[PDB]
Amino acid sequence: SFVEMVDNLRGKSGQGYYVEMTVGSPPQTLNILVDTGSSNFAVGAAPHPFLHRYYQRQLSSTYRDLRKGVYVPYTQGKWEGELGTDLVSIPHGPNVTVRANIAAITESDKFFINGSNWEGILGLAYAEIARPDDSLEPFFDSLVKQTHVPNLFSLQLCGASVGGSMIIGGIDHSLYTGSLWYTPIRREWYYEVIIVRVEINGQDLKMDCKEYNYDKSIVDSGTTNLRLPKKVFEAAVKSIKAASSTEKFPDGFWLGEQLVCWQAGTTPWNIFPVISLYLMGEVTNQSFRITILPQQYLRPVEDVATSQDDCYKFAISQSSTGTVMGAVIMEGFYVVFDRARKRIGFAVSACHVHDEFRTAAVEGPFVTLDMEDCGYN
Ligand SMILES: COCc1cc2cc(c1)C(=O)N[C@H]([C@H](O)CNCc1cccc(C(C)C)c1)C[C@H](C)CCOCCCCN2
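Letter by letter, the sequence shown follows residues 38 to 197, 209 to 425 of mature numbering (1 follows the signal peptide of the UniProt record, and there is no 0).
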């Protein structure tokens, strides 16, 4: 019965992916962003210039007030609101109804985006990072507790506006080719993983693999970019600069600010390298790799000028809170969040990224010694 959930996600480039949900009795329809980087379910519940609609608690006969406040500060953006419970459904999802915690957003700063078409957020990670604390049961935990839906979900995010699939409760085999490769969920808070090797155009960055996971590595559908710790970011940019020195770019392009354009159809893809991230495997001394094409980390953006070229922003940026495997990493892979077995699976997506002479891939097995040393403590 998973076919009912194929293509249930929509989005705009750089603005996240969302699914349709209803809350309350009678049902109120809202678009909800899917975020594996947080654990709170929250919706606009008061007028805002960028909200087309919002949750109206006064109109739901099943609303219950929890008489407690809540606020969530993300990397970029924040909101505050009031906690309660209500009934929730997913029209293009499993045929069930759950009573869930809901944060009703009353005030916000740089959270809602002008004309994005979503009005709330579904944090899919674990209770340990929920606000105000880990006693607020996240939505997916409530879903599993109250229904027969199995404790796993999968995400197929398709690139550039954009679409995809969230399969709730299983794996849909028509959405990927080849084998799935699994990496352990290191700890149930974020979806935390361990990167054990990095290569650019086949050359090892040759750093202490602890640097790759300082101070953590997470899979985060709610962040656009690949975000790298300072030392790793500097090594990667230096290598991508050298591979592309045939041309030259403003230094603000490498900082993610300025865009770059070429005459339509003449983007020089061949001069940007491929990036391979090796992840810890399921058996002793075994890893596997995923390979990222430049069509993934050069995010296409609308040309604000009168010319009609192809324009892009550099979608790798610096972090001080660990590695973030964001949406441009997840695009073109089928990613399985297998919570029951504490693991995350990767395979080549049916909506994979195309190049002319190169292809995104998930390949294994590889042998990697001392993988346990790569985790940061
Ligand atoms: C260059 O990068 C800046 C950047 C770009 C982006 C997002 C975030 C940061 C972002 O901030 N996205 C957080 C994720 O939840 C963050 N996940 C990890 C995380 C980080 C800090 C705190 C927490 C807590 C709440 C658990 C969790 C979720 C967003 C608010 C959701 C709304 O934005 C979606 C469109 C913008 C996507 N582009």
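Just so it is clear, CB atoms sit at the ideal spot from N, CA and C, and this is done for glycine as well.
Asked                                                                                                                                                                          : Found
From the DSSP output, which residues share a beta bridge with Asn68?                                                                                                           : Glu57
How many whole angstroms separate the CB atoms of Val109 and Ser75, which I take to be in contact at a CB cut-off of 8 Å?                                                      : 7 Å
Using 10 angstroms around the beta-carbon of residue 203, count the other beta-carbons present and answer buried if the total reaches 16, otherwise exposed.                   : There are no atomic positions for residue 203 here, as the chain continues from 197 directly to 209.
Give me whichever residues DSSP pairs with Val401 in a beta bridge.                                                                                                            : In the DSSP output, where bridge partners are listed per residue, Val401 has none listed.
Around the C-beta of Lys361, are 16 or more other C-beta atoms found within 10 angstroms, so that it is buried, or is it exposed?                                              : buried
Using a threshold of 8 Å, state whether the C-beta atoms of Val376 and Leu307 are closer than that.                                                                            : no
Given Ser324, which residues of its chain have a CB within under 6 Å of its CB, disregarding the five upstream and five downstream residues?                                   : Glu247, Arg337 and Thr339
By a C-beta neighbour count over all protein chains shown, 10 Å radius and 16 as the cutoff for buried, is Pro321 buried or exposed?                                           : buried
What's the gap between the Cα of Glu236 and the Cα of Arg391?                                                                                                                  : 10 Å
Pick helix, strand or coil for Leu180, following the three-state DSSP scheme.                                                                                                  : helix
Looking at C-alpha atoms only, which residue of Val244, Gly217 and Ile216 is the closest neighbour of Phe414?                                                                  : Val244
For a minimum of 4 consecutive residues, which ranges assigned as the alpha helix (DSSP H) are wholly contained in the segment 303 to 380?                                     : 342 to 345 and 375 to 378
Any idea which residues DSSP pairs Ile215 with across the strands?                                                                                                             : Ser191
How about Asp170: is its Cβ closer than 7 Å to a heavy atom in ligand 1?                                                                                                       : no
Out of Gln251, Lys289, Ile364 and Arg234, which one is the CA nearest neighbour of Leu274?                                                                                     : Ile364
CB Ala83 to CB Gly226, shorter than 8 Å?                                                                                                                                       : no
Would you mind reading off the limits of the beta strand (DSSP E) that contains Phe78?                                                                                         : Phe78 to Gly81
With DSSP as the reference, please indicate the residues paired to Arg275 in a beta bridge.                                                                                    : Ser365 and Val372
Tell me, please, whether the segment 109 to 123 touches the segment 136 to 152 by the rule of three or more beta-carbon pairs shorter than 8 Å.                                : yes
How about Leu189 and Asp386: do their beta carbons lie closer than 8 Å?                                                                                                        : yes
Who pairs with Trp155 in a beta bridge, going by DSSP?                                                                                                                         : Answer by DSSP bridge pairing: none, since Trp155 is not bridged.
Give me, in chain order, the residues of the same chain whose beta-carbon lies closer than 6 Å to that of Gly380; leave out the 5 immediate sequence neighbours on both sides. : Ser397, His400, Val401 and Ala408
Tell me which residue opens and which closes the beta strand (DSSP E) that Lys105 is part of.                                                                                  : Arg101 to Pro110
When the Cα of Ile288 is compared with those of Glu259, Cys195, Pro342 and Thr315, which residue comes out closest?                                                            : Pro342
If you run the structure through DSSP and keep just helix, strand and coil, what is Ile243?                                                                                    : strand
Give me the Cα-Cα distance between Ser269 and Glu282, rounded to the nearest whole angstrom.                                                                                   : 24 Å
Counting pairs of Cβ atoms below 8 Å between the segment 292 to 303 and the segment 247 to 256, do you hit three or more?                                                      : no
Pull up the distance between the alpha-carbon of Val267 and that of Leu173, whole angstroms please.                                                                            : 22 Å
Taking the C-alpha atoms as reference points, what is the distance between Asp421 and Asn249?                                                                                  : 25 Å
Can you name, in chain order, every residue of its own chain whose Cβ lies under 8 Å from the Cβ of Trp302, other than the five neighbours on each side?                       : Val285, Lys289 and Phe362
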